[PDB]
Amino acid sequence: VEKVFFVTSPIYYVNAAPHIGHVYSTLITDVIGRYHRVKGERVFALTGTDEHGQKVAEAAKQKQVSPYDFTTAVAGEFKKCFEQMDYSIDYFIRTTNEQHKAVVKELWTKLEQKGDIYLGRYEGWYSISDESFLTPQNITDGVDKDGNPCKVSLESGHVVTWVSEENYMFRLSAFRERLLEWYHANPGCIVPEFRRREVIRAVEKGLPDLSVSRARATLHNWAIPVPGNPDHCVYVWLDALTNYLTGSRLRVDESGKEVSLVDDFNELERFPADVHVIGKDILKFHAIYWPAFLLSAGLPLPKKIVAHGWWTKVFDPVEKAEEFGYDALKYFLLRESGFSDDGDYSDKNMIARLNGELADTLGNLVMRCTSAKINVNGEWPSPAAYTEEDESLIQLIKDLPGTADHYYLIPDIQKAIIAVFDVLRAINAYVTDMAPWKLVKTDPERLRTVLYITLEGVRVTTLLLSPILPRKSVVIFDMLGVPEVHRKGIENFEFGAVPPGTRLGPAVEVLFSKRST
Ligand code: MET
């Protein structure tokens with residue numbers, strides 16, 4: 001089914017300035033979106049801000065300014081950050097948007113009509129910071145900003161409070177069987193696998209109904225009213241999760257502003273999401289609540305939720321990008337960490353990867369095959385006959401796109417990078433064995449073959465690395481003189497797509513500059 005590939009980030013609470021957490025989540029969303037655009041697919045990537053709720057309102061009250069002013073300002077800080085980071089997100093959604101609120105009301109009303117929302121009570125624990133209902137098994141003893149004894153969440157460590165409110169309740173308990181059927185029929189719907197298993201174990205244990213409204217005083221009147229009941233506000237999470245639906249329904253102009261909300265999601269061919277990128281801290285809301293709501297409303301379910309290893313709720317990414325380069329930092333963040341906190345994020349390791357992989361492996365190779373000493377005609381040469389060693393390298397280059405494609409689709413961007421760099425290491429080894437610098441004087445016919453394979457390997461690896469290194473990839477292709485048309489599209493994943501006789505671009509000038517150890 002040819003639709004628009006729909007990839008999302010979470011929408012971030014505006015209680016606080018943007019930091020690495022949000023940058024990382026949105027980076028992953030951006031990389032996926034970029035890969036599918038490189039593949040030649042229609043893409044709509046979404047990110048944004050989560051602006052209502054008790055947590056934000058109390059942050060605004062702490063800074064002594066109105067919630068409207070506060071949210072608008074911080075939303076601006078997030079936008080500025082994502083421009084600075086040079087993402088290619090198609091739209092930035094804010095839950096304060098009137099068209100978003102409209103959608104929330106439509107969805108709420110649908111749930112109510114299907115009989116899945118009733119008036120009840122929630123009596124139990126709540127983490128305002130996580131906007132999360134917790135059971136007594138999920139709390140323990142801790143301390144508040146003072147240092148007084150209190151209760152805190154086991155999930156997150158933030159303070160919990162007991163809540164006793166008459167609330168509108170969603171009949172989540174009724175969706176346990178269908179959610180379990182969903183997880184089992186779609187065993188790749190949650191990545192990584194151990195997080196999928198975690199969700200299943202949880203839903204197996206049983207599901208309580210879920211409070212989807214709060215008394216308006218509690219949220220300092222900073223939330224969406226419940227349709228037909230002004231005394232209640234819609235739970236920030238139902239509000240927040242609904243952004244995905246809203247985004248799927250907005251026509252957006254070339255400038256990036258929302259201009260229209262379509263009635264039927266199918267008009268824009270985005271819903272449901274093909275990939276929801278989230279942090280591990282909000283898995284339950286996306287893998288349990290969200291699909292339960294969609295099941296109630298008869299809406300289609302997302303294909304994949306990928307939950308990465310860091311919590312999204314001192315290390316300044318803009319500052320490090322100014323120091324080491326933007327693409328470099330992006331490469332590091334995506335290469336250093338798989339689905340764990342077990343990444344080494346120090347300057348030592350940043351420089352180690354910068355010098356070792358980016359400069360020594362990739363950059364060095366680019367200069368070798370474009371060098372005036374080795375590539376004396378400044379062109380793609382026409383290869384002669386291939387040796388078995390030539391063919392071994394060629395096979396790797398041919399196999400690479402299929403391998404990288406699967407990884408990007410899991411999605412597992414770390415493994416995609418590793419796969420490309422395995423081939424880059426192999427090309428370097430080949431170049432070292434063939435010693436093309438010596439062949440310029442000794443065997444020009446042989447050099448043609450060696451140089452051509454090298455150039456082609458570099459092009460193909462660069463193409464598959466272009467979602468990770470969007471700017472540097474362009475520089476590389478410019479050096480190789482690859483025409484624009486060949487920088488995109490699955491047809492150009494194939495070996496030999498750039499014909500011999502193509503001229504290299506002019507030289508000026510380093511690709512990645514190494515740094516003091
Ligand atoms: C619908 S995604 C909501 C995410 C939440 N606002 C957070 O920052 O953790």
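Please note: Cβ atoms are built from the backbone with ideal geometry, for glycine as well, and neighbour counts cover all protein chains shown. All of this is worked out from the model, or read from it or from the source named; nothing here is a laboratory result.
Worth a mention:
- Test: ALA359 is farther than 22 Å from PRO10 by Cα and assigned by CATH to the domain that holds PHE421: yes
- Residue in segment 342-377 that is nearest to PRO436 (Cα to Cα), counting only those that are β-branched (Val, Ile, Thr) and over 33 Å from the mean Cα position of the chain (by Cα): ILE374
- Matching option when the condition is out of contact with any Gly (no Cβ under 7 Å at 6 or more places or on another chain) and of a type outside the set (D, E, K, R), among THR502, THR461: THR461
- For segment 226-261, the candidate set comprises residues that are among the polar types (S, T, N, Q), more than 14 Å from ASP50 (Cβ to Cβ) and not in a loop (DSSP other than H, G, I, E, B); within that set, the residue that is nearest to the ligand (Cβ to nearest atom) is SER248.
- In segment 440-465, residue surrounded by the fewest Cβ atoms within 10 Å (Cβ to Cβ) [restricted to those that are farther than 26 Å from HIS406 by Cα and touching an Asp or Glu at 6+ places or on another chain (Cβ under 9 Å)]: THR449
- Within segment 357-380, tally of residues that are among the acidic types (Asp, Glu) and either assigned to a helix (DSSP H, G or I) or crowded, with 18+ Cβ neighbours inside 10 Å (or both): 2
- Check on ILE468, touching a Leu at 6+ places or on another chain (Cβ under 8 Å), surrounded by 18 or more Cβ atoms within 10 Å (Cβ to Cβ), among the aliphatic types (A, V, I, L, M) and within 19 Å of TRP380 (Cβ to Cβ): no
- Subset of segment 262-278 that is away from the ligand (no atom under 15 Å from the Cβ) and part of a loop (DSSP other than H, G, I, E, B) - its residue that is surrounded by the most Cβ atoms within 10 Å (Cβ to Cβ): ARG270
- For the condition surrounded by 24 or more Cβ atoms within 10 Å (Cβ to Cβ) and either in a strand (DSSP E or B) or assigned by CATH to the domain that holds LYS313 (or both), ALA223 does not qualify.
- No other residue among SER66, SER88 is hydroxyl-bearing (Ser, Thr, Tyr), in the same structural domain as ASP316 (by CATH) and farther than 18 Å from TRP222 by Cβ apart from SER88.
- Residue in segment 60-77 that is within 21 Å of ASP253 (Cα to Cα) and of a type in the set (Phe, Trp, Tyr) present: no
- In a residue-by-residue description of segment 392-400, the property of being aliphatic (A, V, I, L, M) and not in a helix (DSSP H, G or I) applies to no position.
- Within segment 1-29, considering residues that are touching a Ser or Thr at 6+ places or on another chain (Cβ under 6 Å) and more than 10 Å from the ligand (Cβ to nearest atom), the one nearest to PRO467 (Cα to Cα): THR29
- Of all residues in segment 239-252, those that are under 16 Å from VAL275 (Cβ atoms) have Cβ atoms under 8 Å from Cβ atoms of residues that are away from the ligand (no atom under 11 Å from the Cβ) and in a helix (DSSP H, G or I), 6 or more apart or on another chain, in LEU241/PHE293; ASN243/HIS100; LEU245/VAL103; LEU245/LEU107; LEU245/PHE265; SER248/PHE265.
- Condition check for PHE285: outside any strand (DSSP E or B) and touching a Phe, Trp or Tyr at 6+ places or on another chain (Cβ under 6 Å): yes
- One residue stands out in segment 144-187 among those that are more than 28 Å from the chain's Cα centre (by Cα), outside any helix (DSSP H, G or I) and surrounded by fewer than 12 Cβ atoms within 10 Å (Cβ to Cβ): the one that is nearest to the ligand (Cβ to nearest atom), namely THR161.
- Restricting segment 279-326 to residues that are away from the ligand (no atom under 16 Å from the Cβ) and surrounded by 22 or more Cβ atoms within 10 Å (Cβ to Cβ), the residue that is nearest to the chain's Cα centre (by Cα): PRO317
- Taking segment 328-356 as the range and being assigned to a helix (DSSP H, G or I) and surrounded by fewer than 21 Cβ atoms within 10 Å (Cβ to Cβ) as the test, the residues that pass are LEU334, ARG335, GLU336, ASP347, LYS348, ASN349, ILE351, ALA352, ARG353, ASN355, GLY356.
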